[PDB]
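Only one chain is shown below, in structure tokens, and it's the form deposited in one PDB entry.
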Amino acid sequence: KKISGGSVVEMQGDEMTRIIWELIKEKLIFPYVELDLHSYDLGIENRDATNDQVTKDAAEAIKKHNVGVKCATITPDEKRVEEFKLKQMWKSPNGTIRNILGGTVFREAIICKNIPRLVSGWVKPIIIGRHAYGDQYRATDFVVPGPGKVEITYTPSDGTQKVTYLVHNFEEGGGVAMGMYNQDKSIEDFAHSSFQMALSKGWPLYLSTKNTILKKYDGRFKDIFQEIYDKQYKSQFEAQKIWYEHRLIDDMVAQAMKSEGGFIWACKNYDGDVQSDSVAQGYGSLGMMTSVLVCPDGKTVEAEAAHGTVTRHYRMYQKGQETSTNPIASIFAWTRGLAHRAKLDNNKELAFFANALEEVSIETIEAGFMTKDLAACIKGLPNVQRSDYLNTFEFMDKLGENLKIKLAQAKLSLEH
């Protein structure tokens, strides 16, 4: 009799991560846990077949069941439209889901005692709090075909003020233009999530913007964070001997680089994307990073791997060549999802299982069994030999064996 897991929304994906996703369910989840699994295939072919309706339905299912576990998916471009003979260049499924759910994507490296960093000073963790709504990820962009005016207008519903601003008057040739926005309520939830995360970890909080350039747009993020801090969190930060400060983004990335870690970094959507990949790599690998969307309701989460479909690696699998893809981030999407499901259901057995799989994953790497990427952290990529790492399947087998052992010993450890 397996553990009673409960209701979980799973989103199947593409390429290398799709392969890995099936191996994880079969070898690490299904032998030990029984779930009411709400499966949505977000594979590029199924999104094309359903005119991207499957993505909207999966997002609505997460709203209802409170816990999502998502596989990395292809965001189609011109080359992808050609490859899969798509009806349209479908929008990012992550963007669709995040737009519907809202919240903050909290990203952090998965640390192993034997893995060396690329950044010497990072002795404490860096938690990135990426705002999951608006800006470039819900923008309107277009090609300007030739000379003419691009204007941006605001028309109040309950006002008079049709305000028209000239963006640019193209006098010779064309180019490109775009409009983007953000919402006060979403910014307020992002500020609250950031202050709360810093207080739960007991670390200082830094918000990065470019308010010297985008005086109104970024100035608003700065003003909302400062206002919420002064009125609702300042005394709490002072009590834990921590602080909150705004920094310019270019200063912030340089500060982070020369720091020792141990802080929460509130990032605007775009910066959170870019810098989350820099922080994961700085600590060792993109395969070694947790990614959880924490919704503003405080009950709903969508767990995923911060990295993508690992297309480069999938192209090697396609050629029947050997692959060594790190499945740890994909595994931690399941464990973080199951841990949240356990917390909602007060399921001590599911919570034990979720944590045990995380320990098994870290212990296996710490025991010297790892994928090529992690072996390159220790030895340097040119000094890496076949004997130093395990392939994708080999690594999954070792994890399955170690998981079986950890769960057997835990059961035996139970006293009368």
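Residue numbers here begin at 1 and follow the sequence given. The term rigid core refers to the maximal set of C-alpha atoms that superpose within 1.5 Å between the two forms.
> Mean CA B-factor: is it higher for 372-380 or for 37-45?
Replying inline: Averaging CA B-factors over each stretch, the winner is 372-380.
> In the PDB record, does 181-189 or 342-350 carry the higher mean Cα temperature factor?
Replying inline: On average, C-alpha B-factors are higher across 342-350.
> Checking the entry, which one of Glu238, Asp273, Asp218, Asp135 has the top C-alpha B factor?
Replying inline: Going by the entry's C-alpha B-factors, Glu238 comes out highest.
> Between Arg386, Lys56, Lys63, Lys70, where does the Cα B-factor run highest in the record?
Replying inline: The listed residue with the largest C-alpha B-factor is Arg386.
> If you rank every modelled residue in this chain by C-alpha B factor, which third holds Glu401: lowest, middle or highest?
Replying inline: For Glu401, the deposited C-alpha B-factor lands in the highest third.
>> Considering every modelled residue of the chain and its Cα B-factor in the PDB entry, is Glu22 in the lowest, middle or highest third?
In response: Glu22: CA B-factor falls in the middle third of its chain.
>> Can you tell me whether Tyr317 has a C-alpha B-factor in the lowest, middle or highest third compared with the other modelled residues of the same chain?
In response: Highest third - that is where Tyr317 ends up once the chain's C-alpha B-factors are sorted.
>> What third of the chain does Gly287 rank in for C-alpha temperature factor, lowest, middle or highest?
In response: Middle third by C-alpha B-factor.
> Ranked by Cα temperature factor within the chain, is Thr155 in the lowest third, the middle third or the highest third?
Replying inline: For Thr155, whose C-alpha B-factor we compare with every modelled residue in the chain, the answer is the lowest third.
Not pictured, yet referred to below: the form deposited in another entry.
> So which residue among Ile362, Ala61, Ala376, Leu35 shifts its CA at least 2 Å between the shown form and the other one once the core is superposed?
Replying inline: Correct option: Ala376.
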